[PDB]
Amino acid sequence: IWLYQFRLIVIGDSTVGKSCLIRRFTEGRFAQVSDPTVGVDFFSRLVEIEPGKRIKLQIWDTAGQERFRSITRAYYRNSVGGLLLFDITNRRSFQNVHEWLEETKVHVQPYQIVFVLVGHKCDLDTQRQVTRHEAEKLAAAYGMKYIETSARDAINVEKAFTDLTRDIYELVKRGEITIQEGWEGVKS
């Protein structure tokens, strides 16, 4: 059925589109109306990364609101990978990416989380407040890749999760990430 199970965490400011991204990926639908997340919700999906090779993704949908941050950060340890969103139409959400990144950098046990930077709501092209280039430069400065997604228009949603799963899978194949006693980030 699957080779590995990976735990992924999706993080970023409130309202950037984390829950909608995850629901488009797992439910294939766009939630036109979306309550702010309280604590951390759970979604799952199998992905076939290569023919006959499946990875189970256990996805933690985190609350962006500041008052739930104590809950969100409790999940960093047991995550192997994640997506860090900003909203391309919300420059303050981009300004906060460095803060989200600096905070994950002190959560490097058993490993640094494998992150991709996600410029979300890329359907709102005329409302853009962040250039692709400055987001690509920020991602590169933290050694991560960048992708622009839309939950509304189903743009790059499968690719965001699938590319990150392939990256983690290759790190596991090289032994750079391994199963660890009591860690839930990777399971055989």
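Residue indices: 1-based, along the sequence shown.
When 81-89 is weighed against 99-107, 99-107 comes out higher, by mean CA B-factor as recorded in the entry.
Relative to its counterpart among 30-38 and 58-66, 30-38 has the higher mean temperature factor, C-alpha atoms as listed in the PDB entry. For the set 135, 147, 157, 46, the maximum C-alpha B-factor listed in the entry falls on 46. Ranked by Cα temperature factor within the chain, residue 152 sits in the highest third according to the deposited record. Among all modelled residues in this chain, the alpha-carbon of residue 128 has a temperature factor (C-alpha) in the middle third. In this PDB entry, the Cα temperature factor of residue 183 sits in the middle third of its chain's modelled residues.
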